[PDB]
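S.K.: I need the structure of the sequence given here:
(chains A, B, C, D, E, F and G)
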Amino acid sequence: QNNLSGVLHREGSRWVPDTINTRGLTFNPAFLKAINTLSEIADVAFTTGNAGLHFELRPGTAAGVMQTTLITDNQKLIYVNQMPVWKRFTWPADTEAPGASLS
Amino acid sequence: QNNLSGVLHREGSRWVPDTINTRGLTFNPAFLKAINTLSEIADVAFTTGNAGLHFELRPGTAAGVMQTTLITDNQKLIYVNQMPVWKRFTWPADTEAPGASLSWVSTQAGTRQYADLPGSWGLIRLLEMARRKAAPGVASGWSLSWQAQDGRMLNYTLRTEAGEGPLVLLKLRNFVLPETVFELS
Amino acid sequence: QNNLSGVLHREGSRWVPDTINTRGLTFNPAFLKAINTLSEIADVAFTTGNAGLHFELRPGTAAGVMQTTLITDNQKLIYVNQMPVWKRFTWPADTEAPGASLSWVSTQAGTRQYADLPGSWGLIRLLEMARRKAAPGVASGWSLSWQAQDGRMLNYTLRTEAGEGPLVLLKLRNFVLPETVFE
Amino acid sequence: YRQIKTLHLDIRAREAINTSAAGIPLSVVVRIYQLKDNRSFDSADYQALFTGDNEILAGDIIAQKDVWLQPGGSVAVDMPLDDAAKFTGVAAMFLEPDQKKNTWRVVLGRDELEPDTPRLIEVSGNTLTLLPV
Amino acid sequence: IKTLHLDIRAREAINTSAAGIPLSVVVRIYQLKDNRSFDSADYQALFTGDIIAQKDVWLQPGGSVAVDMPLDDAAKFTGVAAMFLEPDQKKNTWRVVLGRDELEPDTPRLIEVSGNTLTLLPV
Amino acid sequence: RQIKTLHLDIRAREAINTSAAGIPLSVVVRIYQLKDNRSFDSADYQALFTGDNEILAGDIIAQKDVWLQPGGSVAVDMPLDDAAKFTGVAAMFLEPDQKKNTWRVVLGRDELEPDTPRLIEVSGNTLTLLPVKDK
Amino acid sequence: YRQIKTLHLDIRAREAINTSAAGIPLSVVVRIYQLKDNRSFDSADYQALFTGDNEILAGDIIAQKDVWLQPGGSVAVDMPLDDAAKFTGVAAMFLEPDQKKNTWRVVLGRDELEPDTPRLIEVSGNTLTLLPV
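M.R.: Residues are numbered from 1 along each chain as shown, chains lettered A, B, ... in the order given. Structure data below:
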């Protein structure tokens, strides 16, 4: 918004080339693929202005496994083959020892 | 951005001299070294708008030390020689008594603490009294090793997240803003 | 890329000068040879951005050796002339005792250490003393045979993932940066 | 025959225990457990027993004691065995423990406790050897 | 029956590669209560519960060894496997299984090893 | 009741096997099971490098080959054969002191306590056998 | 011989205890401990015993009492010794304590307690002197 004010539009979520004022001025077609990706991660994970999103895990069953423990960032999911539910996680939580582990 | 709007550009993180409109107008070459240092510490410690960063310590082992305790700002790390992990610290936390302290339990004697430096800048005083070197085994690491009394070493392994972590505040040691922007001779 | 961005381009992995836009400017021909060597190290040993690489190792045999052990940065390799298996290595390894050590057991002798080289640069000091050639069976395979004492040749077959692997860091043996770029 | 009541435990530590990469011996911690059941204490990993906590394994731990095995030295453990307790456990906090063969803990049952002669437990590097009487 | 008496007669050219140089062999002796696991395991995963005792003897090339070890009364069989450079798993000649009734105890049994072949000698 | 299994352990000091620049490199010790201690006590430091499997012809029963990193330690529990009447411990430094002959110990079989092992402290380039003390 | 049960302690305080820089005597606090072990209480510093807390040293403290030694005055301590308790500790909270020689606490064992006559403990500046009977 300081240097490409004429030739690049913030349309929707992606950036597009402006059709006017591009006489003989071509973008590198990886560069448009780059910052239409870096403004697509920006609309999923970094929506509020900082890193935060909410995804839901439902555990599954498997042949001959009695209990699976998924811990993310001090949030547990202990599944001992009961009626499965949805545990709404978040990432990255501001806890004391952020990590991930699966046992 | 009010007085040097023509001759100084905020490119990236550093400030550079603008090449246009620099006819006969020279900067003091300590002044560009100054506020490219005060805009590096701005991008490591003060990123969010206020003082806060996250660096990770992994404890180390040493000959004949049973337990080392590092406390910063009411965050403990008690290491009694088990399988070492990473404790993700936070400086400066908003707790009730911010400080830094290091106490080691020898094989011979009881727990003589190495230093007890209170205040919000406790942790920078502790990393200043270290004997640090770059760490080849882990990146981007820094293997601190405080030498305690009685010839015993206390080894730790600092891993940052960006730049130099809380080692970057030791660029501020004996730092002085230059009195002169433009040099006249 | 901040001072010679007009006369010096990185095409591929080499730093070629530009035939147009050179006056003459006569580069120091060692200096075009110096940074062509440093930019070759960085694409094999320093590929992530930090110092780190991964090679494999298959042990080899000789006449009159019972057990040959190789320790580097607490990665152990022990051969007693069984079926040869590659073991994936890592240098440097996160440890508190960085170094290498090599011991051999002859049929005549017992354990004699070839060398125990401490320090993070240890495995390079170990890889300096071995005669190398291209192992023709596997590519990219290098033959590694440390001539020990008692005439035995502790044999090893090294396979890298890209380029020469860890052997390239011996290119800096009496390396010199040119004091002068131009003349 | 009731008097197994007092527990006597003498743990000797050898001249090389819990060695790091550079082979230097380090004074390990031995955590002494007293249970109500052996099946849960068998079914825990090394991480989920010291680091963090539990609730059902913690529901079975009744007594707990922590000694420091100076390398080459020893320790004498005398603690009153609880009546509802029916199992003793001993675990170490090793630097590089062997999790595949599970040689970092032992399950001393209640009926295997001698009433007066303490049981010798010897450590060598990273093993908790239960010595035979 | 009570204590083992074995003798391993290694040849002058053992474990030779395609170059044909004599190389030493380490052998691994196992006591067996049941031969459903030792004889159903391949050469690879055997060197990485049923395994009772484990003895390891280097075969110094050209020499030999006399092997005495304390036996167990649960050792129903005795399986002795070596580590060859060319594991003939399709012939399984890298291991032998000696039953406990095959022991003539007071005179040590001979097993001559030639190249990459273990051979139980006829009693 | 008996000596049956050997319990032995070695504690090096921090300055062992020092090279010309004062750098302590790690050293290797070797363990023997011997019958008569004359052949090992009379043979010299040089010939036990390569003739160690040959100059003790028939004297060796079981051999153990144990590393020692400087300042570190190691404990070895190998099963002792009943016929062996001596135990040879041979350190192989970069430089010996053959005159005082302090680079070896010969432990008699009656000296071995059954449960409490014997330390072999290594200092400088010398071996030493420590006294026995227990509960 | 069982009747050790009541603890009697008379602590006399001299005319110069816990002196500041200007030598003025200040009324110290004496913290009286009753433990199950002595090895952890010898392995604590002055900081980690009063300032803050612990969990395993706090797991060993069973009884605890706080008296105020007016300078020149005295105090009389009578408290019931617990049966599972096997050790008595007395520590002061000195202004400038001597941490190198550890003269700011004493470890009165259980078998050294007199049944009726209280033990005299005298303080002189910054020392907890256990007076001999």
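
S.K.: can we go C-alpha only for contacts and neighbour counts from here?
M.R.: Will do.

S.K.: do a quick rundown of the strands in chain A.
M.R.: Ranges of strands within chain A are A:8-11, A:14-17, A:56-57, A:68-72, A:76-79, A:87-88, A:100-102, based on DSSP state E.

S.K.: centre of the chain to the fourth one, how far?
M.R.: Averaged C-alpha coordinates place strand A:68-72 at 20 Å from its chain's average position (C-alpha atoms, centre = their mean, to the nearest Å).

S.K.: contacting residues around residue D:12?
M.R.: Neighbouring residues of residue D:12 by C-alpha atoms under 8 Å, 6 or more residues apart in numbering or on different chains: D:69, D:72-75, D:120-123.

S.K.: now the buried members of those.
M.R.: Those of the contacts of residue D:12 that meet the buried threshold are D:69, D:74, D:120-123, by 16 or more other C-alpha atoms under 10 Å in any protein chain shown.

S.K.: and those residues, which two are furthest apart?
M.R.: Spatial extent of the buried ones among the contacts of residue D:12 (C-alpha to C-alpha) is set by the pair D:69 and D:120 at 13.6 Å.

S.K.: mind listing what's buried along the strand ranked longest in chain D?
M.R.: Ranked by residue count and defined by DSSP E, the top strand of chain D is strand D:6-17. Neighbour counts over strand D:6-17 (16+ other C-alpha under 10 Å) mark D:7-17 as buried.

S.K.: just the closest residue of chain A to chain B, please.
M.R.: Residue nearest to chain B within chain A (C-alpha to the nearest C-alpha): residue A:97, separated by 5.9 Å.

S.K.: how deep is that residue tucked in, by neighbour count?
M.R.: When counting by other C-alpha atoms under 10 Å in any protein chain shown, one arrives at 15 neighbours for residue A:97.

S.K.: surely it and residue B:88 touch.
M.R.: Yes - Residue A:97 is within contact range of residue B:88, at 5.9 Å (criterion: C-alpha atoms under 8 Å).

S.K.: spatially central residue for the chain, please.
M.R.: Using chain A. Against the mean C-alpha coordinate of chain A, by C-alpha atoms, centre = their mean, the closest residue is residue A:45 at 4.0 Å.

S.K.: not quite, I wanted chain D
M.R.: residue D:90 (1.5 Å).

S.K.: that one reaches residue D:103, doesn't it?
M.R.: No - in this structure, residue D:90 is not within contact of residue D:103 by C-alpha under 8 Å, at 11.1 Å.

S.K.: how many neighbours does the closest residue to chain E within chain A have?
M.R.: In chain A, the residue that lies nearest chain E is residue A:64 (21.6 Å; C-alpha to the nearest C-alpha). The local packing of residue A:64 (other C-alpha under 10 Å) involves 6 other residues.

S.K.: from residue C:142, how far out is it?
M.R.: Residue A:64 sits 46 Å away from residue C:142, going by C-alpha to C-alpha, to the nearest Å.

S.K.: cool, residue D:49 as well?
M.R.: To residue C:142, residue D:49 is 46 Å away according to C-alpha to C-alpha.

S.K.: how about the helices in chain D?
M.R.: D:39-42, D:47-50, D:57-60 (DSSP state H).

S.K.: most tightly surrounded among those?
M.R.: helix D:57-60 (a mean of 16; mean count of other C-alpha atoms under 10 Å in any protein chain shown).

S.K.: surely residue A:44 is in contact with residue A:54?
M.R.: No - in this structure residue A:44 lies outside contact range of residue A:54 using C-alpha under 8 Å: 9.9 Å.

S.K.: residue of chain D closest to chain E, please.
M.R.: For chain D, C-alpha to the nearest C-alpha, closest residue to chain E: residue D:101, 10.6 Å.

S.K.: burial count for that residue?
M.R.: Counted with other C-alpha under 10 Å, the neighbours of residue D:101 add up to 7.

S.K.: for it, what are phi and psi?
M.R.: Dihedral pair for residue D:101: phi -100, psi -10, per degrees, to the nearest 10.

S.K.: against residue E:49, how distant is it?
M.R.: Distance, residue D:101 to residue E:49, using C-alpha to C-alpha: 11 Å.

S.K.: what does residue A:34 give?
M.R.: Residue A:34 is 56 Å from residue E:49, by C-alpha to C-alpha.

S.K.: what's the neighbour count on the closest residue in space to residue A:98 that isn't next to it in sequence?
M.R.: Spatial nearest neighbour of residue A:98, chain neighbours left out: residue A:73 (4.1 Å); criterion: C-alpha to C-alpha, 6 or more residues apart in numbering or on different chains. Neighbour count of residue A:73, defined by other C-alpha under 10 Å: 18.

S.K.: touching, residue A:73 and residue A:101? I think so.
M.R.: No - using C-alpha under 8 Å as the test, residue A:73 is too far from residue A:101 to be in contact (9.1 Å).

S.K.: list the contacts of the residue of chain A found nearest chain G.
M.R.: Nearest residue of chain A to chain G (C-alpha to the nearest C-alpha) works out as residue A:96 at 20.3 Å. Residues near residue A:96 by C-alpha under 8 Å, 6+ apart: B:88-89.

S.K.: OK, contacts around the residue of chain A found nearest chain F?
M.R.: As assessed by C-alpha to the nearest C-alpha, chain F sits closest to residue A:97 within chain A, at 33.6 Å. Residues near residue A:97 by C-alpha under 8 Å, 6+ apart: A:73-74, B:87-88.

S.K.: farthest-apart pair in the buried residues of strand D:6-17, please.
M.R.: The farthest-apart pair in the buried residues of strand D:6-17, when distances are taken by C-alpha to C-alpha, is D:7 and D:16, at 27.0 Å.

S.K.: mind listing the strands for chain D?
M.R.: Along chain D, counting by DSSP E, strands occupy D:6-17, D:28-35, D:63-69, D:74-80, D:87-92, D:105-109, D:119-125, D:128-130.

S.K.: hmm, who's touching stretch A:27-34?
M.R.: Residues from elsewhere that reach stretch A:27-34 (C-alpha under 8 Å, 6+ apart): A:15-16.

S.K.: what's the first-to-last distance across it?
M.R.: End-to-end span of stretch A:27-34 (C-alpha to C-alpha): 11 Å.

S.K.: please apply the same query to stretch D:85-100.
M.R.: In stretch D:85-100, first residue to last residue: 28 Å (C-alpha to C-alpha).

S.K.: what are the buried residues along it?
M.R.: The neighbour-count check on stretch D:85-100 (16+ other C-alpha under 10 Å) flags D:85-97 as buried.

S.K.: residue contacts, the nearest residue to residue D:107 once chain neighbours are set aside?
M.R.: If the residues on either side of it in the chain are set aside, residue D:107 comes closest to residue D:89, at 5.0 Å by C-alpha to C-alpha, 6+ apart. Residues in contact with residue D:89 (C-alpha under 8 Å, 6+ apart) are D:32-35, D:105-108.

S.K.: residue D:124 contacts residue D:13, correct?
M.R.: Yes - counting by C-alpha under 8 Å, residue D:124 touches residue D:13, with 7.2 Å between them.

S.K.: CA atoms of stretch A:49-60 as PDB?
M.R.: This file holds the C-alpha atoms of stretch A:49-60, laid out as PDB (Å, rounded to 0.1, in the frame of the first residue of the first chain):
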ATOM      1  CA  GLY A  49      -4.600  -9.700  14.700                       C
ATOM      2  CA  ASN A  50      -2.600 -12.400  16.500                       C
ATOM      3  CA  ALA A  51      -2.100 -16.100  16.400                       C
ATOM      4  CA  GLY A  52      -5.400 -17.900  17.300                       C
ATOM      5  CA  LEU A  53      -7.800 -20.400  15.900                       C
ATOM      6  CA  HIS A  54     -10.200 -23.000  17.200                       C
ATOM      7  CA  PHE A  55     -10.400 -26.500  15.700                       C
ATOM      8  CA  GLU A  56     -12.400 -29.400  17.000                       C
ATOM      9  CA  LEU A  57     -11.100 -33.000  17.300                       C
ATOM     10  CA  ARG A  58     -13.300 -36.000  17.700                       C
ATOM     11  CA  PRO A  59     -11.500 -39.200  18.700                       C
ATOM     12  CA  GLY A  60     -11.700 -42.400  16.700                       C
END
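
S.K.: cool, thanks, signing off.
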